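In case you want the letters, here they are:
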Amino acid sequence: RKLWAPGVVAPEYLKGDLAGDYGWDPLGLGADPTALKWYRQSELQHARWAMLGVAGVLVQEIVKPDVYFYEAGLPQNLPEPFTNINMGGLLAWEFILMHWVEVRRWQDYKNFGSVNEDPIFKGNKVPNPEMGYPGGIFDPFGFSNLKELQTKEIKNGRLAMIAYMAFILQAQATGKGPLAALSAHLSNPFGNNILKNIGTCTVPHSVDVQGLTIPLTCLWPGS
Amino acid sequence: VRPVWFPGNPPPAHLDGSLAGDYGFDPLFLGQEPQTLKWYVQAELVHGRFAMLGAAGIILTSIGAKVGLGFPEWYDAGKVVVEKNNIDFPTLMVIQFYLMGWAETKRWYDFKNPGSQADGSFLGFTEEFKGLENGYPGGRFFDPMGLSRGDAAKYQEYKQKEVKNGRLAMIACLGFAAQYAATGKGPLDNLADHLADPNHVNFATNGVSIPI
Amino acid sequence: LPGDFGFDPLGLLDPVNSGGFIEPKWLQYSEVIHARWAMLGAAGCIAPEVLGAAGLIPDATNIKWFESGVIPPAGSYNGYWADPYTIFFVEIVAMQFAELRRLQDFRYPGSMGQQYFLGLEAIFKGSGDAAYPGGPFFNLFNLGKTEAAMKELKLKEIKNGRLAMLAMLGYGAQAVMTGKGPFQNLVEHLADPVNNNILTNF
Amino acid sequence: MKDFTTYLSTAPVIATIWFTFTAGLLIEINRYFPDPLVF
Amino acid sequence: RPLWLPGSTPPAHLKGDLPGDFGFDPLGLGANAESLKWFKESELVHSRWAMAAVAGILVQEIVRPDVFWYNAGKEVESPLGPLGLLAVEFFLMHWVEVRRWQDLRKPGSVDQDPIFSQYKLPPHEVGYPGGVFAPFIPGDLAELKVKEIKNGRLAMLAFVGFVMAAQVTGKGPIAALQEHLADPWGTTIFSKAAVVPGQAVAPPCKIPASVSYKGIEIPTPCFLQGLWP
Ligand code: CLA
Ligand code: CLA
Ligand SMILES: CC1=C[C@H](O)CC(C)(C)[C@H]1/C=C/C(C)=C/C=C/C(C)=C/C=C/C=C(C)/C=C/C=C(C)/C=C/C1=C(C)C[C@H](O)CC1(C)C
Ligand SMILES: CC1=C[C@H](O)CC(C)(C)[C@H]1/C=C/C(C)=C/C=C/C(C)=C/C=C/C=C(C)/C=C/C=C(C)/C=C/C1=C(C)C[C@H](O)CC1(C)C
């Protein structure tokens, strides 16, 4: 069972029970089992939201090559039906529905096998075989074997976490999207590199939204 | 076993973990005697409860003072209350010392004799001024909602929360005092100034806290 | 024992009638702590000059090492994200945590693996030996699996460290006397080895 | 701490504390009531 | 047995005995039984006053428009003086309240009519008298008590919503509901106020200042206006 580096011995709590186990815990954060279950759920959440974000930024840049996702959150940079919208009501919709689904998944973590049923229509229920893997209506095509697909899912999610923070970091550095930065590196690879572009954040310093000013931050003191 | 304030060192012998907030913090050994430690437990609780009460007063008055509601800042509030109303200063001082000396002397002689203030000598009241622990006087008056007699483990949890929030408010009140002594401003003004420039508006820019 | 070449002319590793901070347990451990801080000091005092020489970092940086803000009389770089005292309080808190937990494992061996430190307790279980904790982070890769390989790596750490300590003392004396950086002293000694020495700069 | 208060209970320490209290009380009286000769 | 969170466990003092018991006590305020009797009575009394209040505000806005219910104490007119109405309310409510409180502290001791020795109210539980207070009952008490506590909790939330929507918008509940039906994306509480670490914005209070009644200048403040947004 290849590990994260040659010669390194995996810890005693890392065995192969979880998918994508390379024995890599140099801080010993998964030494407690309940904390390890919580960080596995957090890994699944960050992995799936980052895969959605990478596929997002990819398609948004391909289909409409004038978005520049770093500016896409503004009210002016919005699609054709909703393009001058009150952001308060949008955040209200998001807060209510996300607080609902999030509290459902949190109670799944707290009590495994207790929020499977639909509370309104009581003849509906998802069978979750593992924690973090609901199934049922969440698996409509139903390809689930399961272990190798979970390894594919966690490797893709780790790669997409690294790639999304790459997108954010690069986009703060040179002010361009990922495909535009790829075309800039393919134009000349020696000029327009990381050796030149870093040190200058393209963060536009507290954009005034409709009523308020958000403080904007760069991950490094570039300015 | 239990978490100590200073990891690696063992706790002292007189701090066992029976007390709420018992982290073994006694480097000057001020409480080796059990009676002196009992007295200091009650002094810690009284200072903590006054600091929580005063710190919530500071925070609410400063929230009302930054937004234009006309509230004073807390270093001017006593002057503008005595001058806005027709209140004379020394009569309100003496009435405060009357009421506070009554209540505090009842607490004092209940520390000296640990069940004695529930003899019915005060107006007719009995077992409503009997204490429960040192510094924990819960009856019908001081604990009207009745949380110290059901779910005793949850009551120990509330004791821990009370001591932690009290130490936090004591260092917060010391913060308000020293913070105003350096900056000369209200505390949430200083909070807004820290949120404006965190890297440049802080205690290493006053010229007071580090004079180098 | 690592680096035991017998060079002790003033006799300070004598176990008989020893005490205080002059003990083999304190002296060997402080020797490797000074060695590691001086390796980091030597690399850090060279690296801006050679990265400005190679043209990798810009000319706003690449300043001499004593002009960083260590000695504001000797020069100070403005362009950090804060004032150096705002940096220095973060340094106080951070180094207080690090150095102080390291002190507690020296005085009480193994004591840093019991009390809760956000799950970071198996990382700091240490060994039955100071100066070489190991574990999952201080020795990430299993390097020194053979005991003889471990002794050889400890000896190489000792020798590279003592060389770096001599180098940092040289950076200090060179920085005071000629007023320039150490890579500038490399360029001036390699250009004219006869006419640019300590005998010239008097 | 018991032995430290026993040491503070010794004769020169208590004489120092008590004469500091008595001298300070007289000094504060002569400050707030400057130069009393009668009454 | 349904819960406030389906799947969790109720506190150990909440068995399911009382009506409307869904295991909701995070602070543990009902672990004392002698407290829990008082709080059950207070829950019933707050719920009944709030149900009557919400019905009063709704019928008061439907039947008589152009009367803002927050100004009902101001713009009412009667040859009945204000102190005379307040005195009648004081004596009659002191009577009724002391009868109910005596039934609380002594269970079943004020059942008999004092004027007429014939009529005695039948034995019951505290909070649920019966008799002349309940001449007609539809169905069974074991479901109607649950219906009563559910409608009452909902009306308590409705009354504090009325107070906040009147202090923020300055309009009645039906008028503010039509305001939310006109622009739902633009008229919410998220759409009027926000706090960001840069700045904070709160809605202006539409109730102006101390209100001038008949030469007394009643101070009329808006509830916790510094902690609003
Ligand atoms: C307000 C006064 C006060 C008092 C009387 C106590 C009393 C106690 N503390 Mg508490 N403590 C306090 C404030 C106080 N504390 C604050 C503000 C914090 C947060 C920093 C703590 C954090 C703390 C911990 C972590 C622990 C204790 C513990 C204890 C108990 C044993 C220690 C002892 O014997 O010292 C008795 C103390 C005094 C007689 C008062 C000391 C006043 C000195 C002489 C003045 C100097 C104070 C400071 C250094 C400078 C402030 C001055 C300012 C103008 C700059 C005892 C009940 C231990 C315990 O077992 O809890 C139950 C324990 O583990 N305390
Ligand atoms: C003035 C008389 C005096 C004498 C005769 C001694 C003698 C001794 N001390 Mg003591 N000590 C003294 C003052 C003195 N000390 C003072 C003032 C302090 C408080 C700082 C101490 C605190 C102290 C500790 C903590 C320890 C000793 C130890 C010792 C013993 C071995 C020290 C040694 O040789 O190591 C060689 C000396 C060094 C490695 C340090 C030299 C460099 C430091 C910084 C001193 C620099 C002095 C110099 C004048 C400053 C120049 C400043 C200028 C360049 C700007 C020896 C018995 C040690 C012991 O007990 O072991 C058995 C021990 O652990 N002493
Ligand atoms: C433990 C120990 C032990 C060992 O042995 C030794 C040692 C170390 C020494 C020790 C320690 C100690 C400490 C730390 C202490 C501290 C304390 C504090 C700070 C307190 C406060 C405390 C504090 C407090 C009470 C406070 C309170 C407050 C208040 C009321 C306030 C009030 C007010 C207000 C509202 C406002 C208005 O307008 C004004 C006023 C009037 C201003
Ligand atoms: C052997 C013996 C034996 C006999 O018995 C006796 C006798 C003789 C006594 C002995 C001897 C000894 C000796 C010789 C010693 C020496 C030492 C040294 C030199 C040290 C240093 C040491 C040194 C060290 C640590 C150092 C360190 C450093 C550092 C950190 C630095 C840092 C830095 C950097 C990076 C850069 C920037 O800019 C900043 C700074 C801040 C600047």
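What the deposited record gives as its method is cryo-EM, and the resolution it gives is 2.9 Å.

Engineer: Sorry if this is basic, but what is going on with the overall build of chain C here?
Structural biologist: When helices and strands are counted, chain C shows four helices and zero strands. From first element to last, N terminus to C terminus, chain C shows the α and β order α-α-α-α. Here chain C has a C-alpha radius of gyration of 21 Å; the compact-globule value for 202 residues is 17 Å, and the former is much larger. Along the first, second and third principal axes, the C-alpha set of chain C runs to 55 × 45 × 35 Å. Per-residue burial for chain C yields a buried fraction of 21% across its 202 residues. Relative to all contacts within chain C whose residues are 6 or more apart in sequence, the contacts with residues 24 or more apart total 47%.

Engineer: How should the interface of chain A and chain E be read in this particular structure?
Structural biologist: Many analyses report the size of an interface as the accessible area lost when the parts associate. Contact residues are listed per partner, giving 21 residues for chain A and 13 residues for chain E. Counting the surface chain A buries against chain E, the share from its top three residues, A:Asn86, A:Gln107 and A:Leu212, is 27%. Viewed at the interface, chain E and chain A are joined by zero salt bridges. Where chain A meets chain E, there are three residue pairs in polar contact. Taken together, the residues of the side of chain A that touches chain E break down into 12 nonpolar, eight polar and one charged.

Engineer: How should I be thinking about the site of ligand 3 in this particular structure?
Structural biologist: All names here are of chain B. The environment of ligand 3 is formed by 14 residues, the closest being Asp-26, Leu-30, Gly-54, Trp-74 and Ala-77. Interatomic distance of 2.8 Å between a side-chain N/O atom of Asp-26 and an oxygen atom of ligand 3. In this structure, an oxygen atom belonging to ligand 3 sits 2.9 Å away from a main-chain N or O atom of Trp-74. Burial of ligand 3 by the protein amounts to 51% of the accessible area it has alone, namely 1,000 Å². For the shell around ligand 3, the secondary-structure elements that each account for two or more residues are helix 1 (34-66) and helix 4 (152-183). Broken down by class, the residue content of the shell around ligand 3 amounts to 11 nonpolar, two polar and one charged.

Engineer: When you look at helix 1 of chain B in this model, what are you seeing that I'm missing?
Structural biologist: Note on helix geometry: an α-helix contains 3.6 residues per turn, so any two residues three or four positions apart are oriented the same way. Residues and elements named next belong to chain B. End to end, helix 1 covers 47 Å across 33 residues, agreeing with the expected 48 Å (1.5 Å per residue, within 8%). Listed in full, the buried residues belonging to helix 1 are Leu-37, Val-41, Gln-42, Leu-45, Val-46, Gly-48, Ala-51, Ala-55, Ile-58, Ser-62 and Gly-64. Contacts made by the buried residues of helix 1 are with helix 3 (89-112), helix 4 and helix 5 (187-196).

Engineer: Help me understand the site of ligand 1 in this model?
Structural biologist: Residue and element names in this part refer to chain B. Close contacts around ligand 1 come from 18 residues, with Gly-21, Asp-22, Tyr-23, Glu-44 and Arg-167 the closest. Here an oxygen atom of ligand 1 sits 3.0 Å away from a polar atom, N or O, in the main chain of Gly-21. Taking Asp-22, its side chain carries an N or O atom lying 2.9 Å from an oxygen atom of ligand 1. Residue assignment for the shell around ligand 1 shows that the elements contributing at least two residues are helix 1 and helix 4. A total of four residues in the shell around ligand 1 trace back to one element, the largest contributor, which is helix 1. Of the residues assigned to the shell around ligand 1, the class counts are 10 nonpolar, four polar and four charged.

Engineer: Even after reading the chapter, I still don't get the nonpolar core, so can you show me in this structure?
Structural biologist: Note that soluble globular proteins tend to have their nonpolar side chains buried in a common cluster. Core analysis: the biggest nonpolar cluster contains 11 residues, these being E:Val54, E:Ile57, E:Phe68, E:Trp69, E:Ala155, E:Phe162, E:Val163, E:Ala166, E:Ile207, E:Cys222 and E:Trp228. Elements supplying a minimum of two residues to this core: helix 1 (33-63) and helix 3 (141-169) of chain E. At four residues, helix 3 of chain E tops the list of elements feeding residues into this core. When residues no more than four places from it in sequence are discounted, the contact partners of E:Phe68 are E:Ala166, E:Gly170, E:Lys171, E:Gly172 and E:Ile207. One finds A:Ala50, A:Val54, A:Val57 and A:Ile168 within the second-largest nonpolar core, a separate group that totals nine residues.

Engineer: Can you help me understand the packing of aromatic side chains in this one?
Structural biologist: For any pair of aromatic rings, the description consists of the separation of the ring centres together with the inter-plane angle of the planes. Tallying each qualifying case throughout the model produces 42 aromatic pairs over all chains. Ring plane angle 70 degrees and centroid distance 5.4 Å describe the contact between C:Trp26 and C:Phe106, whose orientation is recorded as edge-to-face. You can see C:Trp26 sitting in helix 1 (residues 24-53) and its partner C:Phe106 sitting in helix 2 (residues 84-107), a full 80 residues away along the chain. Three or more aromatic residues joined by ring pairs form one cluster here, namely B:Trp102, B:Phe122, B:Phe125, B:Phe129, B:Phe141 and B:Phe142. Looking at B:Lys159, its charged tip hangs above the ring of B:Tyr136, at a distance of 4.6 Å from the centre. Geometry around C:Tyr132 places C:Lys154 over its ring, the cationic atom sitting 4.2 Å from the centre.

Engineer: Mind showing me how you'd approach the interface of chain B and chain E here?
Structural biologist: Each side of the interface is counted separately: chain B has 13 residues, and chain E has 13 residues. Around 1,100 Å² of area is buried between chain B and chain E when both sides are counted, 59% of it from carbon and sulfur atoms. Counting across the chain B and chain E interface gives four residue pairs in polar contact. Residue assignment for the side of chain B that touches chain E shows that the elements contributing at least two residues are helix 1 and helix 4 of chain B. Of the residues in the side of chain B that touches chain E, the class split is eight nonpolar, two polar and three charged.

Engineer: I would appreciate a short explanation of the pattern of salt bridges in the present structure.
Structural biologist: Any two side chains of opposite charge can pair if their charged atoms end up close together. Counted under the stated rule, the structure contains 29 salt bridges over all chains. A salt bridge links B:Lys66 to B:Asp189, with the shortest nitrogen-to-oxygen separation between them at 2.7 Å. With B:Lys66 in helix 1 and B:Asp189 in helix 5, the pair connects residues that are 123 residues apart, well separated along the chain. In this structure B:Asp189 comes out as partly exposed when scored by relative accessible area, which is 22%. Two residues, B:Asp193 and B:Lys185, come together in a salt bridge whose shortest N-O distance is 3.3 Å. We classify B:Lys185 as partly exposed; its relative accessible area is 39%. It is possible to trace a salt-bridge network through shared partners that takes in A:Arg40, A:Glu43 and A:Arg158.

Engineer: Just to check I follow, could you spell out the environment of A:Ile154 for this structure?
Structural biologist: Residues and elements named next belong to chain A. Tracing the sequence through the fold places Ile-154 in helix 3 (residues 146-174). Considering only alpha carbons, one finds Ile-154 and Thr-213, 59 residues apart in sequence, at a separation of 37 Å. Not counting residues within four places of it along the chain, the set of residues in contact with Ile-154 comprises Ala-19, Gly-20, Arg-40, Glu-43 and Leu-44.

Engineer: Is there a simple way to explain the UniProt feature "transmembrane region" in chain D in this structure?
Structural biologist: The feature "transmembrane region", as given by UniProt, occupies residues 7-27 of chain D in the numbering adopted here. As annotated, residues 7-27 of chain D comprises 90% helix and 0% strand, and the C-alpha atoms at either end are separated by 28 Å.

Engineer: I keep staring at the packing of helix 1 of chain B against helix 5 of chain B and nothing clicks. Help me out?
Structural biologist: A packed helix pair is summarised by two numbers, namely the angle formed by the two axes and the spacing between the axes. Residue and element names in this part refer to chain B. One way to put it is that helix 1 packs onto helix 5 with a least axis distance of 8 Å and a crossing angle of 65 degrees. Compared by their axis directions, helix 1 and helix 5 come out roughly perpendicular. Together, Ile-58, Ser-62, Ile-63 and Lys-66 of helix 1 and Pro-187, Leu-188, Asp-189 and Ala-192 of helix 5 make up the contact between the two elements. Of the residues belonging to the contact of helix 1 with helix 5, the class tally is five nonpolar, one polar and two charged.

Engineer: For this particular structure, what's the right way to read the arrangement of the chains?
Structural biologist: Taking contact number as the criterion, the leading pair out of five pairs of chains in contact is chains A and E. For the non-touching pair chain C and chain E, the nearest C-alpha separation works out to 20 Å. Chain E makes no contact with chain D, the minimum C-alpha separation between the two being 42 Å.

Engineer: Honestly, unusual backbone geometry in this entry has me stumped. Any pointers?
Structural biologist: Only a minority of non-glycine residues have a phi that is not negative, and only a minority of peptide bonds are not trans. All names here are of chain A. Phi is positive for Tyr-68, close to 55 degrees, though the residue is something other than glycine. The topology assignment puts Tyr-68 in the loop between helix 1 (33-63) and helix 2 (87-110). Take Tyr-68: its relative accessible area is 19%, and that puts it in the buried class. Positive phi is not limited to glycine here, since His-205 has a value of about 60 degrees.

Engineer: Explanation requested: helix 1 of chain C in the structure shown.
Structural biologist: All names here are of chain C. Given a rise of 1.5 Å per residue, 30 residues ought to cover 44 Å, and the 43 Å separating the end C-alpha atoms of helix 1 matches this to within 8%. Maximal helix bending in helix 1 amounts to about 35 degrees, located at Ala-47; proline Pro-48 follows within four positions. Residues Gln-28, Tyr-29, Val-32, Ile-33, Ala-35, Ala-38, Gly-41, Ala-42, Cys-45 and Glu-49 constitute the buried set of helix 1.

Engineer: Any chance you could explain the side chain of E:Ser47 here in plain terms?
Structural biologist: Residue and element names in this part refer to chain E. Secondary-structure assignment places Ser-47 in helix 1. A residue is classified by how much of its surface remains accessible, and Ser-47, at 3% relative accessible area, is buried. If we ignore the near neighbours within four places in the chain, the residues touching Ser-47 are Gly-152 and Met-156.

Calculation rules
- Residues numbered from 1 in each chain as written, not as in the entry; some residues may be left out.
- Chains lettered and ligands numbered in written order.
- Part of a larger assembly, values for the part shown.
- Heavy atoms only, no water.
- Helix = DSSP H or I, 4+ residues; strand = E, 2+ residues; numbered from the N terminus.
- Rg over C-alpha atoms; globule rule 2.2 N^0.38 Å.
- Buried < 20%, exposed > 50% of the residue type's maximum accessible area, 1.4 Å probe, protein only.
- Contact = heavy atoms within 4.5 Å.
- Buried area = accessible area lost by both parts, 1.4 Å probe.
- Salt bridge = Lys/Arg side-chain N within 4 Å of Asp/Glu carboxyl O.
- Polar contact = N/O pair within 3.5 Å; in protein donor to acceptor, adjacent residues only side chain to side chain.
- Nonpolar A, V, L, I, M, F, W, Y, C, P; charged D, E, K, R; others polar.
- Near = heavy atom within 4 Å.
- Areas by Shrake-Rupley, 256 points an atom, 1.4 Å probe, with all protein chains shown as cover.
- Expected span 1.5 Å × (residues − 1).
- Core = buried A, V, L, I, M, F, W, Y, C linked by side-chain atoms within 4.5 Å.
- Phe/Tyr/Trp six-rings, centres within 6.5 Å; stacked < 30°, edge-to-face > 60°.
- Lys NZ or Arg CZ within 6 Å of the ring centre and 35° of its normal.
- UniProt positions renumbered as here; feature names shortened; annotations may be inferred.
- Axes fitted to C-alpha atoms, helices over the stretch in contact; angles between N-to-C directions.
- Parallel < 35°, antiparallel > 145°, perpendicular 65-115°, else oblique.
- Bend = angle between axes of the 7 residues up to and from the residue.

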